[PDB]
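Engineer:
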Amino acid sequence: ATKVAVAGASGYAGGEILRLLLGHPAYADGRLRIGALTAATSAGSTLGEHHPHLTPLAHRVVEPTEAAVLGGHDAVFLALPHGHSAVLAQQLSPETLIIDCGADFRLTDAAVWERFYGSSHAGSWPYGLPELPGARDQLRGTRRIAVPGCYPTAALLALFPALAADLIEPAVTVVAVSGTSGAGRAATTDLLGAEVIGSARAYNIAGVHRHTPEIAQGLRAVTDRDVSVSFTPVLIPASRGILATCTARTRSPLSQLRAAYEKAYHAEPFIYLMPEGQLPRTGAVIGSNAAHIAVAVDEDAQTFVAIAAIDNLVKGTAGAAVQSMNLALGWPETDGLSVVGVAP
Amino acid sequence: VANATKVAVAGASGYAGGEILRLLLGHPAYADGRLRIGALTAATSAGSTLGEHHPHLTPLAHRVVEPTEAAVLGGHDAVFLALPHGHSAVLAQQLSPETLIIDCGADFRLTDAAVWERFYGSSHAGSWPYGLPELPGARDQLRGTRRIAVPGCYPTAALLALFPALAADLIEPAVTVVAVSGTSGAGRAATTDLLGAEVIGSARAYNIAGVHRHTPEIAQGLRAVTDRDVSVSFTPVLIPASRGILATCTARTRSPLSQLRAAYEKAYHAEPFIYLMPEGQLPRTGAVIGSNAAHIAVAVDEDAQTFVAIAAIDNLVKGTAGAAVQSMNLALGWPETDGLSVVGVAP
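Line by line, the protein sequences give chains A and B. Residue 24 in this note's numbering is what sits at position 24 of the first sequence, and the numbering runs on without skipping anything. Remember, this note's numbering sits 344 above the position in the second sequence when you count from 1.
(1) Please check if any C-beta of chain B sits within less than 8 Å of the C-beta of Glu63/A.
(2) Quick one, are the C-beta atoms of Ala135/A and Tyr117/A less than 8 Å apart?
(3) Is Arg281/A helix, strand or coil by DSSP?
(4) In whole angstroms, what separates the C-alpha of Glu561/B from that of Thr527/B?
(5) Identify the continuous beta strand (DSSP E) that holds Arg380/B and give its terminal residues.
(6) Helix, strand or coil: how does DSSP classify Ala426/B here?
(7) Are the CB atoms of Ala320/A and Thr96/A within a distance shorter than 8 Å?
(8) Please find out if some non-hydrogen atom of the ligand SAH comes closer than 7 Å to the beta-carbon of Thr443/B.
(9) Excluding the 5 residues preceding and the 5 following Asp573/B in the sequence, name in chain order all residues of the same chain whose CB lies nearer than 7 Å to its CB.
(10) What residues from chain A crowd round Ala643/B, counting only those whose CB sits closer than 7 Å?
(11) Measuring CA to CA, which of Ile145/A, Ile293/A and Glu276/A is closest to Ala264/A?
(12) Consider the Cβ of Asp300/A: report whether some Cβ of chain B lies at a distance smaller than 8 Å.
(13) Can you check whether the CB of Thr282/A is closer than 8 Å to the CB of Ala547/B?
(14) Under 9 Å between beta-carbons, which chain B residues line up against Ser324/A? List them in chain order, please.
(15) Could you check whether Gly488/B and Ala675/B sit closer than 8 Å to each other, using their CB atoms as the reference points?
(16) Considering only C-alpha positions, which residue in the set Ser471/B, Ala643/B and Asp484/B is nearest to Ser230/A?
(17) Near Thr46/A, what residues of its chain come up, given a Cβ to Cβ distance below 8 Å and the 5 sequence neighbours on each side ignored?
(18) Give, in chain order, every residue of the region 37-68 of chain A whose Cβ lies closer than 9 Å to some Cβ of chain B.
(19) Just list the residues that DSSP pairs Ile99/A with in beta bridges.
(20) For the beta strand (DSSP E) containing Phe651/B, list its first residue and its last residue.
(21) Going along the chain, which residues of the region 223-252 of chain A sit with their C-beta nearer than 9 Å to a C-beta in chain B?
(22) Once DSSP output is grouped into helix, strand and coil, what is the label at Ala675/B?
(23) Compare the C-alpha of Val147/A against each of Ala162/A, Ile271/A, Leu32/A and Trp125/A and name the closest.
(24) If we define contact as Cβ-Cβ less than 8 Å, is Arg605/B a contact residue for chain A?
(25) Please go through the region 113-171 of chain A and give each complete alpha helix (DSSP H) segment of 4 or more residues, from N-terminal end onward.
(26) With respect to the alpha helix (DSSP H) encompassing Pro25/A, which residues constitute its N-terminal and C-terminal limits?
(27) Using a Cβ-Cβ cutoff of less than 7 Å, which residues in the same chain neighbour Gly123/A once the five nearest sequence positions on both sides are dropped?
(28) Taking the alpha carbon of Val340/A as the reference point, which residue from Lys3/A, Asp109/A, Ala309/A and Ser288/A has its own alpha carbon closest?
(29) Could one say the Cβ of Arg19/A lies closer than 8 Å to chain B's Cβ atoms, at least one of them?
(30) Please report the distance separating the alpha-carbon of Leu425/B from that of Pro237/A.
(31) Check distances from the C-beta atoms of the region 95-117 of chain A to those of chain B and list, in chain order, the residues that come in under 9 Å.
(32) Count the other CB atoms, across all protein chains shown, that sit within 10 Å of the CB of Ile286/A; report buried if there are 16 or more and exposed otherwise.
(33) In chain order, what residues of the region 176-196 of chain A put their CB closer than 7 Å to some CB of chain B?
(34) Output, in chain order, the set of chain B residues within a Cβ distance shorter than 7 Å of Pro344/A.
(35) Rounded to whole angstroms, what is the Cα-Cα separation between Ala164/A and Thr223/A?
(36) Specify, as a first and last residue, the run of the beta strand (DSSP E) that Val642/B falls within.
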């Protein structure tokens, strides 16, 4: 009987965790129960007031986030993706499965962590991207998961098989368009619908976005070369989805790059390589745990192009958390996680 | 100079054609009767009224759209052509040589015939003055011209983001451009791909890896400001907005930011339609929508040794019909900014 707490239940990531927990087969047959739901403000409200889609849970009372209230469960999701849960996490049984959606345990280099986050490095846990080389073995039976950023997920899946095969140069460029749920649920003026609808803007450009060092890290794990990453995020008028356009210099033929992708992904249940002459679109993956990837070579520009679409809130966040949870617990990896998008 | 213009618009039922008409209606020469809007043509739906295609242009809603034929178009001092490629090549032969022809199509844009044939599969028609007044030397070609090749919308954004850095030799001549575009940039021909239900809530790269026809136009405009060999990786991305291009443009650099900034200030400090963002501010297409302005920011990613330039335009105004009307003013000797706001209609 696995009992699950969700900390930060009232944000978009915690609500998506909850959606996926409700359709999971272990919730259906009673192997999984949903326990405490916690947030920082508005303890006492019901979940219905934060998440009106989650009607089976609408009556649950949101409790304050405290170590003791998260205590007494077998898995704890901490869905502060812009939060800092290192504190909570040090006060829980090393036998409690902790799946942190935040960044606290993502980065392996303390100098990098301090620089980008301006605090003390908490350490690093198994990175919840099972498709990266060697990641899936770290995750089997683990009691600790650092879920990847949404953008690192899309860019890593677009780029790592080319770079691992040494078929492109290790200086990469990523420009990724994203829906606004990826910015979180904070009432800012720059996130108001009247401001975002009809409009597009890059933000946190030229190296300041904290996902830059995350992408570098993931690629440095598949190569001995010095990796450099130009990362530009662009907010677009959609609620969900990331479309990552990833490029690097190459002198390799298209047919060799294509084989490196078939090889890496042929048995990956969540990776779909586009058929010949098709390109990814984020509307096809919305609400699914899938990544749709197409690769190409720009001969005149000597440039390799990889395009990856994901739902930022599923494969980029809560579907990755749940996928890695399946692994940590010995359950089928694809349990509760569809590859079919809700389109149009 | 010009004390009067009778103007025809061919391809009047398309997006660019309807935006030319909007700008002409609000143009001061239209208000004081120096500009008369004459024949409105479209090969398609000839016989309908303009109101059936463009309900926003109520002052012209009763005008009957005529067939696009040189005889309907003759008798005008200025003719806008917003037509598929190849059409203006034919039309330019048939109209008086003394007519001002402002071509929104691609026919006269490219200066290399081999590059044209490669991307279009037809005979090169020639090349006319490129209607981007802000590029070095362009304003001198457009003053008093009778021929204008209006730029494509994406090269407009990518050219304005990148030329100053490259002209000053502060970036490498190998550039990457990822530009997100509203769907009006894909035209007004009804296909499944461009349906509301498919576009809304979705983003997709298309015509990637160098196959997009705007790619050689970016390379051409960049090659005109440097003696180096230029390469362009251009990726266009359709997004769920109807208007706006946000171009993210990068090239390797070893130049300090202060030197890059200075080159942009030098380029744009007295350009009425270019707003170089104050340091720490970034462009948004919502701020330029409905105006003839480009908002630009630049920065350096030191760890990646990469120059980053962001440009925002309205694809239908500075990227198309605004560019056309701005170049028309130059061609006619009227104030360059007539009819053209720098003020976006936001939110």
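Ideal placement from N, C-alpha and C gives every residue a C-beta, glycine not left out.
Structural biologist: The short version:
(1) no
(2) no
(3) coil
(4) 20 Å
(5) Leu379 to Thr385
(6) coil
(7) no
(8) For the structure depicted, the ligand SAH is absent and the ligand set is empty, with no information on it obtainable.
(9) Residues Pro517 of the same chain have their beta carbon placed closer than 7 Å to that of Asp573/B, with the five preceding and five following residues left out of the count.
(10) Neighbours of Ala643/B in chain A, taken as residues at a C-beta separation under 7 Å, are given in chain order as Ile205 and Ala206.
(11) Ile293/A
(12) yes
(13) yes
(14) What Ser324/A touches in chain B: nothing, since even the nearest Cβ is about 26 Å away.
(15) yes
(16) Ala643/B
(17) Cβ within range, chain order: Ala58, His59, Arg60, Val61 and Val62.
(18) none
(19) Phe77/A and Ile145/A
(20) Looking at the DSSP string, the run of the beta strand (DSSP E) that includes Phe651/B is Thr650 to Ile657.
(21) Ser228, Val229, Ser230, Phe231, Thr232, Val234, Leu235, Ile236, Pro237, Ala238, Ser239, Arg240, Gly241, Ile242, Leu243, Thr245, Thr247 and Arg249
(22) helix
(23) Nearest to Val147/A by C-alpha distance, out of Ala162/A, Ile271/A, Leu32/A and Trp125/A, is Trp125/A.
(24) no
(25) 135-139 and 150-164
(26) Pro25 to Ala28
(27) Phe105
(28) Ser288/A
(29) no
(30) 32 Å
(31) none
(32) Counting of Cβ neighbours within 10 angstroms places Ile286/A among the buried residues, the total reaching 16 or more.
(33) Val177, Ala194 and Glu195
(34) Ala541 and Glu542
(35) 6 Å
(36) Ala638 to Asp645
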